[PDB]
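Coordinates in review
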Amino acid sequence: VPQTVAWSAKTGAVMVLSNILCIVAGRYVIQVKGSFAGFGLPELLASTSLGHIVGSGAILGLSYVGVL
Amino acid sequence: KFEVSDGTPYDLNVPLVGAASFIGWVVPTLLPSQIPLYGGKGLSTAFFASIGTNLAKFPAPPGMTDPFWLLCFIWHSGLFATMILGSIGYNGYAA
Amino acid sequence: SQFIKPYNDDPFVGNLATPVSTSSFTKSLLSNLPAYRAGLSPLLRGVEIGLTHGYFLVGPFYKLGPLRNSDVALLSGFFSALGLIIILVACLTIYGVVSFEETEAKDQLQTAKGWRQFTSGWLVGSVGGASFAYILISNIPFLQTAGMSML
Amino acid sequence: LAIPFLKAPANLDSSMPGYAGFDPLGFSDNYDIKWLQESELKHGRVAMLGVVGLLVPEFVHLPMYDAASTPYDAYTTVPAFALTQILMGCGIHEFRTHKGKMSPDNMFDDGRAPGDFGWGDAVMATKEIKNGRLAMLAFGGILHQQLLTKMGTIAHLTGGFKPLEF
Amino acid sequence: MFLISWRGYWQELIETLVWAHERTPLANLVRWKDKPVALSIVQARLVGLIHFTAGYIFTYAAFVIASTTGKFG
Amino acid sequence: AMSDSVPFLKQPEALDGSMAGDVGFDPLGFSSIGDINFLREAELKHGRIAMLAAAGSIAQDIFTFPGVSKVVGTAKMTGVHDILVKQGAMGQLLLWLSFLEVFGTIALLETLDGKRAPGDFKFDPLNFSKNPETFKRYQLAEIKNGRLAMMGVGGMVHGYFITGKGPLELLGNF
Amino acid sequence: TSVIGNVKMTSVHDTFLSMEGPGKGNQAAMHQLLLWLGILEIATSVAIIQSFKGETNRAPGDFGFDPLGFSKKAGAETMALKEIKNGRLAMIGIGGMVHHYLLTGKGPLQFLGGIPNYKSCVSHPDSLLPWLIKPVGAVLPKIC
Ligand code: CLA
Ligand code: CLA
Ligand code: CLA
Ligand code: CLA
Ligand code: CLA
Ligand SMILES: CC1=C(C#C/C(C)=C/C=C/C(C)=C/C=C/C=C(C)/C=C/C=C(\C)C#CC2=C(C)C[C@@H](O)CC2(C)C)C(C)(C)C[C@H](O)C1
Ligand SMILES: CC1=C(C#C/C(C)=C/C=C/C(C)=C/C=C/C=C(C)/C=C/C=C(\C)C#CC2=C(C)C[C@@H](O)CC2(C)C)C(C)(C)C[C@H](O)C1
Ligand SMILES: CC1=C(C#C/C(C)=C/C=C/C(C)=C/C=C/C=C(C)/C=C/C=C(C)/C=C/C2=C(C)CCCC2(C)C)C(C)(C)C[C@H](O)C1
Ligand SMILES: CC1=CCCC(C)(C)[C@H]1/C=C/C(C)=C/C=C/C(C)=C/C=C/C=C(C)/C=C/C=C(C)/C=C/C1=C(C)CCCC1(C)C
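Residues numbered from 1 in each chain as written, not as in the entry; some residues may be left out. Chains lettered and ligands numbered in written order. Part of a larger assembly, values for the part shown. Heavy atoms only, no water. Residues with missing side-chain atoms left out of burial classes, pairs and counts.

The deposited coordinates derive from cryo-EM, with the record listing a resolution of 2.08 Å.

1. A look at the interface of chain B and chain C
In many analyses, interface size is given as the accessible surface area lost on bringing the parts together. At the junction of the two partners, chain B supplies eleven residues and chain C supplies 15 residues. Where chain B abuts chain C, roughly 1,000 Å² becomes buried across the two surfaces, and 59% of that area is made up of carbon and sulfur atoms. Linking chain B to chain C there are one salt bridge. Salt-bridge contacts for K27 of chain C lead to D6 of chain B; the nearest nitrogen and oxygen are separated by 2.8 Å. Our count for the chain B to chain C interface comes out at five residue pairs in polar contact. Partitioning the side of chain B that touches chain C into residue classes produces five nonpolar, three polar and three charged. (Contact = heavy atoms within 4.5 Å. Buried area = accessible area lost by both parts, 1.4 Å probe. Salt bridge = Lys/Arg side-chain N within 4 Å of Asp/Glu carboxyl O. Polar contact = N/O pair within 3.5 Å; in protein donor to acceptor, adjacent residues only side chain to side chain. Nonpolar A, V, L, I, M, F, W, Y, C, P; charged D, E, K, R; others polar.)

2. Some remarks on the interface of chain F and chain D
Taken together, the eight residues of chain F in the interface contact seven residues of chain D. Buried surface at the junction of chain F and chain D, both sides included, amounts to about 700 Å², of which 74% is carbon and sulfur. By the criterion of area lost to chain D, the three top residues of chain F are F103, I106 and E110 of chain F, representing 60% of everything that side buries. Our count for the contact surface shared by chain F and chain D stands at one salt bridge. Counting across the interface, chain F meets chain D through one residue pair in polar contact. Residue classes in the side of chain F that touches chain D are distributed as four nonpolar, no polar and four charged.

3. Remarks on the site of ligand 4
All names here are of chain D. Ligand 4 sits among 14 residues. The nearest are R45, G115, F117, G120 and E128. In the environment of ligand 4, an oxygen atom lies 3.1 Å from a nitrogen or oxygen atom belonging to the backbone of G115. In this structure, an oxygen atom belonging to ligand 4 sits 2.4 Å away from a main-chain N or O atom of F117. Counting residues per element, the ones that place at least two in the shell around ligand 4 are α1 (33-53) and α3 (124-149). Among the elements that line the shell around ligand 4, the one with the most residues is α3, at four residues. When the residues that make up the shell around ligand 4 are grouped by side-chain class, the tally is six nonpolar, four polar and four charged. (Near = heavy atom within 4 Å. Helix = DSSP H or I, 4+ residues; strand = E, 2+ residues; numbered from the N terminus.)

4. Side note on the packing of helix α3 (residues 42-64) of chain C against helix α4 (residues 73-99) of chain C
Residue and element names in this part refer to chain C. Closest axis-to-axis distance for the α3/α4 pair is 8 Å, and the angle between their directions is 130°. Accordingly, the angle class assigned to the pair α3 and α4 is oblique. Of the two elements, α3 crosses α4, and the hand of that crossing is right-handed. Contacts between α3 and α4 involve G54, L57, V58, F61 and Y62 from the first element and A73, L74, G77, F78, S80, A81, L84 and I85 from the second. (Axes fitted to C-alpha atoms, helices over the stretch in contact; angles between N-to-C directions. Parallel < 35°, antiparallel > 145°, perpendicular 65-115°, else oblique. Left-handed = near helix turned anticlockwise from the far one by under 90°.)

5. Let's talk about the site of ligand 9
Residue and element names in this part refer to chain C. Ligand 9 sits among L51, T52, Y55, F56, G128 and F132. Taking 980 Å² as the accessible area of ligand 9 by itself, protein coverage stands at 32%. A per-element tally of the shell around ligand 9 places α3 first, with four residues. Of the residues contributing to the shell around ligand 9, the split by class is four nonpolar, two polar and no charged. (Areas by Shrake-Rupley, 256 points an atom, 1.4 Å probe, with all protein chains shown as cover.)

6. Topic: the packing of aromatic side chains
A full pass over the atoms with the stated rule returns 26 aromatic pairs over all chains. Where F8 of chain F meets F63 of chain G, the ring centres are 5.0 Å apart and the plane angle is 80°; that geometry is what we call edge-to-face. Of this pair, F8 of chain F sits in the segment before α1 (30-33) while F63 of chain G is found in the loop between α2 (29-53) and α3 (79-104), placing the two residues in two different chains. Arranged with centres 5.8 Å apart and planes meeting at 80°, the rings of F63 of chain F and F65 of chain F form a pair that is edge-to-face. Given a relative accessible area of 60%, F65 of chain F falls into the exposed group. Put simply, the rings of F22, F47, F48, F68, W69 and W75 of chain B touch in pairs and so form one group of aromatic residues. Positioned over the ring face of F117 of chain D is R112 of chain D, at 4.5 Å from the centre of the ring. (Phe/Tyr/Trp six-rings, centres within 6.5 Å; stacked < 30°, edge-to-face > 60°. Buried < 20%, exposed > 50% of the residue type's maximum accessible area, 1.4 Å probe, protein only. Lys NZ or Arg CZ within 6 Å of the ring centre and 35° of its normal.)

7. Considering the environment of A38 of chain C
Relative to the assigned elements, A38 of chain C resides in the loop between α2 (24-32) and α3. When the C-alpha atoms of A38 of chain C and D107 of chain C are compared, they prove to be 11 Å apart, with 69 residues separating the residues in sequence.

8. Some points on unusual backbone geometry
All names here are of chain B. Positive phi values are uncommon outside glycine, yet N13 reaches one of about 55°. Within the element layout of this structure, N13 appears in the segment before α1 (14-26). We classify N13 as partly exposed; its relative accessible area is 24%.

9. Notes on the pattern of salt bridges
For the structure on display, the rule yields 20 salt bridges over all chains. For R116 of chain F, the salt bridge identified is with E41 of chain F, shortest N-O distance 2.6 Å. Here the residue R116 of chain F occupies a position in the loop between α5 (89-112) and α6 (132-163), and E41 of chain F occupies one in helix α2 (residues 36-62), the gap between them amounting to 75 residues. By relative accessible area, which is 8% here, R116 of chain F ends up buried. When salt bridges that share partners are traced, they join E102, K113 and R116 of chain C into one network.

10. Thoughts on helix α2 (residues 80-97) of chain D
The periodicity of an α-helix, 3.6 residues per turn, causes residues three or four positions apart to be oriented the same way. Compared with the 26 Å implied by 1.5 Å per residue over 18 residues, the 25 Å span of α2 of chain D between its first and last C-alpha is a close match. Among all positions of α2 of chain D, only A80, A82, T84 and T97 of chain D are buried. Tucked inside the fold, the buried residues of α2 of chain D contact α1 (9-29) of chain A. (Expected span 1.5 Å × (residues − 1).)

11. Some words on the side chain of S5 of chain B
Checked against the element boundaries, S5 of chain B lands in the segment before α1. The buried category is assigned to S5 of chain B, whose relative accessible area is 0%. The contact partners of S5 of chain B, leaving out residues within four places of it in the chain, are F3, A17, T18, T22 and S23 of chain C.

Below, the structure written as structure tokens:
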């Protein structure tokens, strides 16, 4: 079984970083919606949902490879 | 002046597409893995080592359970995918 | 950038100009084949085509025939190839008899005299190519075992 | 002029600070030049700060934290909420030094130059660009050596200087 | 096959084959003297009847001779 | 009409005689299939690599750098490669030559457009070729020594495969 | 003779080839000859193809090989006749000498000096086409 870790501040840091990266990426690449003008609740929900998806994948992968 | 059709001159860009696709497929596949198929090496390096091992045993072909066939199939599959995508990107966009 | 165009710039003919059909590689290969290469008499077209086809005809008969496990496997395979060559020459002859009218023109394949010249060249080339394959397999042990002599 | 056997970059001029005619790939021909110069200056300044931040923690330490043996290792031993706070503070500083126009085609529309934030010769700009360009590669070297040897930079240089392997 | 499938399907297949032979290099040098067509309706009924009848006769003849030979001879 | 190197063959169409070392030698007609500039850039790269390999085979027979004999022992030529794949020297060489050859690939893109002479990397720091006549003489000498070096490296490595000695030791212990 | 022994005319080809090949032996004499002659013959093939189609007005058999300038000498207008005549004569002569070695095993000079060659036949190995000498015993007299 691949090693997963208990919740810590590192897990929170990775999740927060992935969420913020996905929020900025969603600001830049979403075609149909000063830089945060037009920023609405569905776009925030989509970006934070991708942020949990990317953060979960990154946390599981870094726990797999030993970076924790 | 290679015509790809009756009256359609087209640049195949075989040197660039071949070189760029080879480098862009080989370099990511230098990532090592500890599985016995790779033997501690990357996919490209395990493939090259298997080539050397089986060329050291000429006439005698690699056996069915030998990792050469799986390494060759995966490496050439990824290489062909890279060559197709590189031909698409460079011949179409050109920028 | 379109790769498929109407054939011969004619949109109503029953053909399309495709990379497989009309590229530079395809045009060079087709124009350099002996059936289409310029400057050849029909007899020499027959000679080249017959040499190639009669040369490769020996192999399947030698390796897979009913006498393949006997010491006379190559002799039987060559004889079977020669019989197939004679049958195909008869086919060529009757095709030319029923297909062409007797005309003065003799420099083209699709004339009566031209087809007779092509048939003569194909017979001589097929016999020569089959005999060459027989000689090479008879004298080289690599060809007898299809490479297994190296093991 | 940097690479004489390749053609000169058409989107490059000697007026640009640190110009050497060095763009063999042609990033300037495909991306906005002002965006590239702004990114180069920010990567530069951040790498200069990182070069200093990988050297000085080897000798002095803040008592509020635990002294990591390697100055690169400090992100693994301090609380990670420190790093999250540094991220958020850097983000508000990006929002404040800019006017909220943190995107291409929003930047430079005030006639803003690439890299100026109102903190101050054009020989000085070249000095900036070169001392940031050097600091980027130097930072890469210092980080990867401190990661591979698990020891400080000056400790590596003065004592042992063993070859790095992984 | 000749009693269930009927003509127009086979005629359209033969049309595609005629196109293929006319457009194939090194084979369009060879030309038919008679145009290839599908078998006619009555002809196909007759040919299916002939194959059917021959199968009937040969199957039962083989069965009756071999069964009587195996049991008694 | 006829070639100079092979007098009984018609002169190749893609060979005008402008490139250095052009004696009309293309009996198989490879310049009619491939681009002449691509083939010339390949010829110069193979020849320059062969010049370095020939000089290196001779010098590695003559002397080794300090500390090399600790790692390689008595291994010579080809036998070094495997050993120094493990030590890491060949990896560093592969890395930096690949880095240079990325810009070499861009240079190949320049020469396939017709905007760059094949093999021209503008690398003359010492200004040996300041006279176009001396430049022509140096181009002829470069291509002749490159082809001779290709032959030489073939001979040296296959003589080492046969005897295991190396070039100069085979010249001495024959 | 330390490599191949006392074989004279066609058993040299056979003996060398018996000792030629990776694994089979150490010689490469006939293979080296085949390699360099095949390079020359491919370069000749291109010339034959060019002269056949008419792209070149070169004479048949002319390779431009006259380093000593005998064409610019006197009496060179009959050299082609002497070449073709001695060529045909050598064709017949080597056919003679090979079919003499296949029966007596001597070689040319011993065969010329040993005029009753069926009274003293040198023992020689069978050629690489031994089936062709099979009718000599049964069908033919087999004087030797
Ligand atoms: C910090 C970044 C990070 C890191 C280090 C990793 C690391 C890893 N991830 Mg992970 N991941 C990340 C971010 C990261 N991930 C993110 C952001 C996401 C998005 C949520 C994911 C989503 C993800 C999934 C969903 C899975 C991983 C898995 C893995 C492990 C892969 C094991 C392996 O060899 O692959 C396997 C290598 C293969 C070659 C297998 C082939 C896989 C399928 C069967 C083939 C499908 C391809 C198909 C044929 C189509 C191709 C045809 C084409 C021509 C069209 C590895 C430890 C896997 C895992 O945890 O396994 C235990 C896994 O299932 N990752
Ligand atoms: C396998 C490697 C690979 C991949 C994934 C891409 C992908 C891409 N290239 Mg690209 N490229 C490659 C190799 C590759 N390239 C090489 C080798 C060259 C040099 C010859 C180029 C030169 C090139 C140019 C010059 C340009 C691109 C562009 C693009 C983008 C849009 C055009 C396109 O092909 O979309 C392909 C779309 C997808 C891949 C996404 C769909 C996903 C599905 C599942 C298909 C993917 C198949 C499969 C999963 C791939 C597996 C890869 C394999 C190695 C494992 C896209 C992101 C253009 C662009 O706008 O980008 C800047 C552009 O201008 N490329
Ligand atoms: C907007 C203003 C603001 C505020 C209110 C804070 C507040 C805080 N920062 Mg912070 N910071 C800011 C701006 C701000 N920051 C900026 C602009 C930057 C630069 C980008 C930073 C960079 C930064 C770093 C790098 C670090 C902090 C840390 C901290 C925490 C210190 C207390 C602690 O460790 O207990 C933890 C506090 C909580 C769990 C929640 C607060 C609950 C109460 C108030 C705690 C009381 C603690 C008390 C003061 C001291 C207890 C020990 C005492 C006996 C000595 C605290 C929550 C440190 C930290 O996160 O440590 C964990 C740390 O290392 N900050
Ligand atoms: C090599 C160091 C160096 C140099 C020469 C400059 C030079 C310049 N910077 Mg700059 N900068 C640097 C480092 C440097 N910076 C670093 C590390 C950061 C990140 C904190 C910044 C962040 C920054 C911003 C945000 C801005 C500038 C700007 C400017 C320009 C102001 C014009 C002016 O008033 O002229 C007079 C210039 C000077 C007198 C230069 C002062 C630099 C002194 C010499 C450095 C002192 C060295 C000293 C040892 C420091 C101790 C550090 C030690 C602990 C390691 C000028 C070209 C502004 C500009 O117009 O953008 C281009 C601007 O908006 N810089
Ligand atoms: C094809 C070229 C080639 C290759 C692959 C090798 C490979 C090798 N050499 Mg060798 N060598 C070469 C050429 C080559 N050599 C040349 C040309 C010489 C000098 C005549 C030497 C002299 C030499 C010695 C003395 C030793 C090696 C050794 C080695 C081994 C370890 C690497 C090392 O320390 O190299 C060191 C080699 C050098 C420092 C020579 C560098 C010369 C450069 C390449 C000349 C070109 C510079 C040029 C002006 C700039 C180009 C600009 C660019 C834009 C084109 C390795 C197997 C060592 C070993 O293991 O011995 C068995 C060792 O002790 N080499
Ligand atoms: C361009 C640039 C310059 C640069 C430069 C570069 C560095 C130029 C350096 C060049 C050298 C490397 C040329 C090497 C040629 C080697 C061949 C010809 C000899 C081959 C041996 C054969 C005959 C053999 C072998 C034989 C057989 C096979 C096996 C053996 O048993 C025996 C034997 C040995 C006899 C400089 C720096 C000056 C500056 C300038 O401003 C511009
Ligand atoms: C091109 C030209 C030149 C060239 C040249 C050189 C290479 C010319 C080389 C020439 C060869 C050697 C001429 C050989 C002729 C052989 C025939 C006539 C005799 C045949 C045997 C007879 C029939 C017999 C037999 C007999 C019977 C059968 C059986 C036996 O028992 C007895 C016996 C043996 C008597 C050079 C290089 C100078 C340069 C110049 O610028 C260009
Ligand atoms: C090396 C090697 C081998 C070999 C071999 C070789 C080299 C064998 C033999 C080769 C050749 C070329 C034989 C030629 C025979 C020529 C004849 C009979 C000519 C008759 C001419 C006449 C009658 C002319 C008549 C005439 C004509 C036309 C014109 C008028 C005058 C007149 C005289 C009437 C093997 C096979 C042993 C195998 C071994 O493993 C390897
Ligand atoms: C492999 C290759 C790679 C993949 C793609 C690919 C292209 C499809 C594929 C090719 C497969 C195919 C296409 C390979 C190509 C194949 C063909 C079958 C080769 C035929 C050669 C015929 C020669 C040798 C006979 C020559 C005549 C000799 C000299 C005769 C002398 C005779 C004359 C009459 C005079 C009398 C003496 C005798 C002896 C009787």
